[PDB]
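Chemist: Protein chains in written order, with the entry's author numbering: chain B, 52 to 215; chain C, 35 to 215; chain C', 35 to 215; chain B', 52 to 215; chain A, 52 to 215; chain A', 52 to 215. A prime marks a further copy of an entry chain. Don't be surprised by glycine CBs; every beta carbon is placed ideally from N, CA and C.
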Amino acid sequence: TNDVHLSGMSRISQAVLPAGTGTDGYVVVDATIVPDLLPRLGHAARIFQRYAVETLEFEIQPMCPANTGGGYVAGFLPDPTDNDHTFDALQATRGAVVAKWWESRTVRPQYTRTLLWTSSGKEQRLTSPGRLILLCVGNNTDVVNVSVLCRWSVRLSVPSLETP
Amino acid sequence: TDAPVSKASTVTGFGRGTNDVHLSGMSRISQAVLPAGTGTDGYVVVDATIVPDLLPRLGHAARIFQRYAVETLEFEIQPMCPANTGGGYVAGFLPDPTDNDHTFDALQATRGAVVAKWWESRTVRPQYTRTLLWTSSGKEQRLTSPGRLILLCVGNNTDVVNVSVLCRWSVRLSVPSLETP
Amino acid sequence: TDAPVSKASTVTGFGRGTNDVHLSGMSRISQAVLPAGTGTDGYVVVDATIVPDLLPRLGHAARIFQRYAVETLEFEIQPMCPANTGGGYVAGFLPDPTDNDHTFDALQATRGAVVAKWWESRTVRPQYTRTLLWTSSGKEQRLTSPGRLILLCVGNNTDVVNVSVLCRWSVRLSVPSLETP
Amino acid sequence: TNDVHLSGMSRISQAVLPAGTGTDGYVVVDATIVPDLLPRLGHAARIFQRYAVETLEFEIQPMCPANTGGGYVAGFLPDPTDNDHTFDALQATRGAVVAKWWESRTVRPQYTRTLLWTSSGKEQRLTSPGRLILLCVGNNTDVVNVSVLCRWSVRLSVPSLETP
Amino acid sequence: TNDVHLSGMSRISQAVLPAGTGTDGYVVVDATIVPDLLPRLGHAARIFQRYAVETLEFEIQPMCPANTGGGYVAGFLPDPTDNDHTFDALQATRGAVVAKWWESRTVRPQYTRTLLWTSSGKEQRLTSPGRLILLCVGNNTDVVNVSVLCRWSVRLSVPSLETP
Amino acid sequence: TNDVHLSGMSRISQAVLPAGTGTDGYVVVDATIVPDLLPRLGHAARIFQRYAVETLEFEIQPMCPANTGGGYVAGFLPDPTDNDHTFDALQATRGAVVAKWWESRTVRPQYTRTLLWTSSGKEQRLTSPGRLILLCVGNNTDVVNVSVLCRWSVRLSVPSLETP
Ligand SMILES: [Ca+2]
Ligand SMILES: [Ca+2]
Ligand SMILES: [Ca+2]
Ligand SMILES: [Ca+2]
Ligand SMILES: [Ca+2]
Ligand SMILES: [Ca+2]
């Protein structure tokens, strides 16, 4: 077997949220999980054709004063083609969390473990396991710098160099 | 205890909804009427793509689940006409949702296809994929539907024919969500 | 066999659909924002009648069932605001769906009512009818809903308050049908 | 072994019989069983040189009103070179059936199991196992659309592309 | 069972490269491997619904004089969607070969034995195992009649009948 | 484990040698084997800190007419620092080959499987396994398009991320 197991921590997305703009339902983070976003996996997927996600956890680590107001809801939609970004969709899914802006939380979602494709294509269900969505729950009193780390572990295969 | 700057949140049972439900039923996927003389050979009577939306009770249950897998799928062709009607029918289930071929040979090639007279009711026990399929629509139909059902006329019928295609199904829904088409 | 005048029908599995499904979840029945100063005493923050339509995932499952019975029903009041907000709230669940009284006494009288500060989250474990209730709407609300939830302010709040009322429910649907509102 | 076992249902021949033309001995169906007639086996024999029939049943499925008059006799002559189409030849053979026009019957004949040739040739005994013959027994009062399905099962060999 | 193992060789593409036009990077051959491309598999796929490529190899057999100064690079990209006509992209793929214009070579690539579909659809990744690309390396001196052959061994399934 | 075995072929260098310039001792190719030189290993080393070359071979594939009178000598010096462009120095190294300009050959050298560093530094002996040298033997007659390929199999370690 020529499968290469690669794993590690990496920050998929960082967002800045100025004070007073975090209204309810505001989409702070909306990231379709593909290996291109992941820093270390971006180079590994550039040299392979297919990958299979073996572990995926999203650690939301926001950095705001403890007296800041408002909260956030984070979830992982297993369907990359789904284009719904609301509290209802997040609360429906498994692994979703809701917490105050100064709390760091962990999202352990339900993701497909089949063999996906690193490259882009017409069918998004064949390239990504899902979409991470992080929304505001209430108005934030202070500016929030939110960073979403992602502990991943994939199994690459089929060596081939690829272009952006 | 003390009075902190901000107390920790205590939302406990979030993202722990029900994950798997088994749903069963038997619904009419098609109903057709043929006035005398239109049942020419090869005329397509029923062309129904098996999707959760086609099944009414499953249509709502598929709106709260991401992926479903078909466990049981059997079709019934019930022609409600007397035993003095000429001509006949051929019914089949193409496992490929994208296969749009409407001929006698294409139907007869599939496993479980039936050929009968217009006064004989039949049951199609087809070949379908047990793999998990996506409830919501996508770019490729082969990831969302187990197949297609085709019902054709074989001979020129003599009288008006009423034909009902029923489908006994049983699916297993997984990966909870809330689809908003 | 012989050739009769008309052959007998052979529809076998008709009217034998699934009868009972247990459905569970936890959904936000209400969400309110109070700018500073509007939290006057007795001001009604949340007034939600517990019906299957109010619960999103149950709304679709109730459209294919006639009667449902509530097995578990517990509400959570989550105020997402700091620990320096004045005033407080009272939350209760009136078992009578038609009881439209919004006062502190009416809420506190009910079993399981909670009184807390705006920086304390609470859980209401109320008294609800275990009897079978009709999914579809009718002339009398007491045959279709287990009760009503009321959340009121107790004191004048100092800061803007975000309050979310979540409801952990568990129902048993019976008597299959297809409701078309 | 590179033998490919292929089997399936397929309609060899459909015939329309107008009312009043089905006199006694009329040859409704006269089909020399070669893989070209069989729809799915037509494509399989186009890519192979030799085949051996392992199972052969002919299901006659006529579609006429139940009050129609007259009957049909169906048989399978094991000799493709034989050019006799009468009730005598059919009744002599094994597996022959006789039935009213509205009855569907099954013919389980006696066929050679040797290795035949898909392509045509001078000797017809080396290419086909036999000839299906379906005749009218009496005058038919109504128009009859008769279809002869064939449950077959062959064992192909010797890969080679072929032309009509 | 419905599984029918088939194998054989077939010329997927043939190209004629006149003298002087074989500049570096020129795309001599770009052929997406589909069942219709292979003659014997073209008929096999017309009578089945699914196929899985168990074995796949290619042979480049250029037919040029021994005084033809030039070279070619050949490789099987295991992703039908990927489109990159560069030397490094081909050489990255496993089994890719580089040779002179008067030397026949064999490509033994890597690919996933996933159960593909014999009929075309919106997504090419479900109907094709990949695509063979043959490029020029250096300017050729004489006319080259290149003929890429493919030795395949596939496993058909789900009996049906189709029209292209 | 952090160890990730990778392997593949990549063209380390390509040179064009015009007619008459291939005098004896001329240095056609002098390429220091570094991870950046190999495309697929270039991305693999950008996401790791250490690598050890488990297997390393080279193939010389000159592309010249069969009437090209001349010869080449190829060899892998296992010391990056050593700098000697002489025939005897190359032939001394294990696996060195001598051939005609129209004959592809394979170099299977000797080297130490020491855990090298993927990023450049002051000492080249810690970042490169060696250097391949290809010299002329005798004056060539026609233009030669030489392309040295390298088949490598390395073992990465110490996960990290780097920029070149
Ligand atoms: Ca790709
Ligand atoms: Ca969906
Ligand atoms: Ca009702
Ligand atoms: Ca032949
Ligand atoms: Ca198809
Ligand atoms: Ca470094």
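Alpha carbon to alpha carbon, how far is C201(A') from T178(C)?
Modeler: Roughly 45 Å separates the two Cα atoms.
Chemist: Got a sec? Which residues, its chain only, sit under 6 Å from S64(C) by beta carbon, not counting five neighbours each side?
Modeler: Within the same chain, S64(C) has close Cβ partners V80, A82 and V199.
Chemist: For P210(C), which residues from the same chain have a beta carbon less than 8 Å from its beta carbon, with the 5 sequence-adjacent residues on both sides left out?
Modeler: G51, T52, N53, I98, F99 and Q100.
Chemist: Contact defined as beta carbons within less than 8 Å: I believe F127(C) pairs with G181(C). What is the distance between those atoms, to the nearest angstrom?
Modeler: 5 Å between Cβ atoms; contact.
Chemist: Since I believe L57(A') is in contact with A117(A') (beta carbons under 8 Å), could you give me their beta-carbon distance rounded to a whole number of angstroms?
Modeler: Not quite, the Cβ-Cβ distance comes to about 37 Å (not below 8 Å), so this is no contact.
Chemist: Inspect the beta-carbon positions of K173(C) and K173(A) and report whether they are closer than 8 Å.
Modeler: Going by C-beta atoms, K173(C) is nearer than 8 Å to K173(A).
Chemist: Compare the beta carbon distance of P160(A') and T144(A') with 8 Å and say whether it is the shorter of the two.
Modeler: Yes, the Cβ-Cβ distance between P160(A') and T144(A') is below 8 Å.
Chemist: Quick check on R164(C): does DSSP put it in helix, strand or coil?
Modeler: Coil at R164(C), not helix or strand.
Chemist: Return the residue from the list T74(C), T46(C), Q175(C) and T35(C) that minimises the CA-CA distance to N191(C).
Modeler: The candidate whose alpha carbon is nearest that of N191(C) is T74(C).
Chemist: Would you report the Cα separation of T106(A) and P90(B'), rounded to the nearest angstrom?
Modeler: Taking the straight line from one Cα to the other gives about 29 Å.
Chemist: Just how far apart, CA to CA, sit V67(B') and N196(C)?
Modeler: Cα to Cα, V67(B') sits roughly 23 Å from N196(C).
Chemist: Quick one: which chain C residues come within Cβ less than 9 Å of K151(C')?
Modeler: By Cβ distance, chain C contributes nothing, its closest Cβ being about 11 Å from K151(C'), past 9 Å.
Chemist: With 16 other CB atoms within 10 Å as the buried threshold, where does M114(B) fall?
Modeler: Classification of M114(B): exposed, given that the 10 Å Cβ count is below 16.
Chemist: Count the other CB atoms within 10 Å of the CB of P86(B'); is the residue buried (16 or more) or exposed (fewer)?
Modeler: So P86(B') counts as buried.
Chemist: Give me the residue from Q175(A), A150(A) and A125(A) with the minimum Cα distance to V158(A).
Modeler: The shortest C-alpha separation from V158(A) is found at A125(A).
Chemist: Between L128(A) and chain B, is any beta-carbon pair separated by less than 8 Å?
Modeler: So, interface residue.
Chemist: Quick one: grab the DSSP three-state call for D81(A).
Modeler: If DSSP states are grouped into helix, strand and coil, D81(A) belongs with the strands.
Chemist: Considering only the beta carbon of each residue, do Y123(B') and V188(B') sit closer than 8 Å?
Modeler: A contact, by the Cβ cut-off of 8 Å.
Chemist: If the cut-off is 9 Å on Cβ atoms, which residues from the segment 92 to 115 of chain A' count as contacting chain B, listed in chain order?
Modeler: Taking 9 Å as the Cβ-Cβ cut-off against chain B, the residues of the segment 92 to 115 of chain A' that qualify are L92, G93, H94, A95, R97 and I98.
Chemist: In or out: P69(C) buried (at least 16 other Cβ within 10 Å) or exposed?
Modeler: Looking at its Cβ environment, which holds fewer than 16 other Cβ atoms inside 10 Å, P69(C) is exposed.
Chemist: Looking only at DSSP bridge pairs, what is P210(C) linked to?
Modeler: Answer is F99(C), bridged to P210(C).
Chemist: What distance in whole Å lies between the Cβ atoms of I111(C) and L185(C), which are believed to be in contact at a cut-off of 8 Å?
Modeler: The pair is a contact, with the Cβ atoms about 6 Å apart (cut-off 8 Å).
Chemist: Using a threshold of 8 Å, state whether the C-beta atoms of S208(C') and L166(C') are closer than that.
Modeler: Yes; because the gap between Cβ atoms is below 8 Å, this pair is in contact.
Chemist: Please indicate yes or no: does the CB of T178(C') lie closer than 7 Å to some heavy atom of ligand 3?
Modeler: Checking the Cβ of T178(C') against ligand 3 gives no.
Chemist: In angstroms, rounded to a whole number, what distance separates the CA positions of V194(B') and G93(B')?
Modeler: So the alpha carbons of these two residues sit roughly 30 Å apart.
Chemist: With respect to 7 Å, is the separation between the Cβ of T137(B) and the closest non-hydrogen atom of ligand 2 below this value?
Modeler: Every heavy atom of ligand 2 is 7 Å or more from the Cβ of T137(B), so no.
Chemist: Tell me, which residues are paired with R159(B') by DSSP?
Modeler: According to DSSP, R159(B') bridges with nothing at all.
Chemist: So is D139(B) in contact with chain C' if we call contact Cβ pairs under 8 Å?
Modeler: Yes, contact with chain C'.
Chemist: Give the range of the alpha helix (DSSP H) segment to which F48(C') is assigned.
Modeler: Element bounds for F48(C'): n/a, residue is neither H nor E.
Chemist: Helix or strand or just coil, what does DSSP make of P90(C)?
Modeler: Residue state, collapsed to three classes: helix.
Chemist: Let's test the definition: count the other Cβ atoms within 10 Å of the Cβ of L212(C') and tell me whether it reaches 16, buried, or not, exposed.
Modeler: Under this definition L212(C') is an exposed residue.
Chemist: Determine, using beta carbons only, whether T144(A) comes closer than 8 Å to chain B.
Modeler: Chain B contact via Cβ: present.
Chemist: Tell me, to the nearest whole angstrom, how far the beta carbon of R176(C) is from that of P131(C); I am working on the premise that it is less than 8 Å.
Modeler: Contact holds; Cβ gap of about 6 Å.
Chemist: Which same chain residues, not among the five before or five after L88(B), have their C-beta less than 8 Å away from its C-beta?
Modeler: Only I63, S64 and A82 meet the Cβ criterion.
Chemist: For a cutoff of 8 Å on Cβ pairs, would you count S61(C') as touching chain B?
Modeler: Yes, its Cβ sits closer than 8 Å to a Cβ of chain B.
Chemist: For the candidate residues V45(C'), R156(C') and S170(C'), whose alpha-carbon lies nearest to that of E108(C')?
Modeler: Looking at the Cα atoms, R156(C') is the closest of the given residues.
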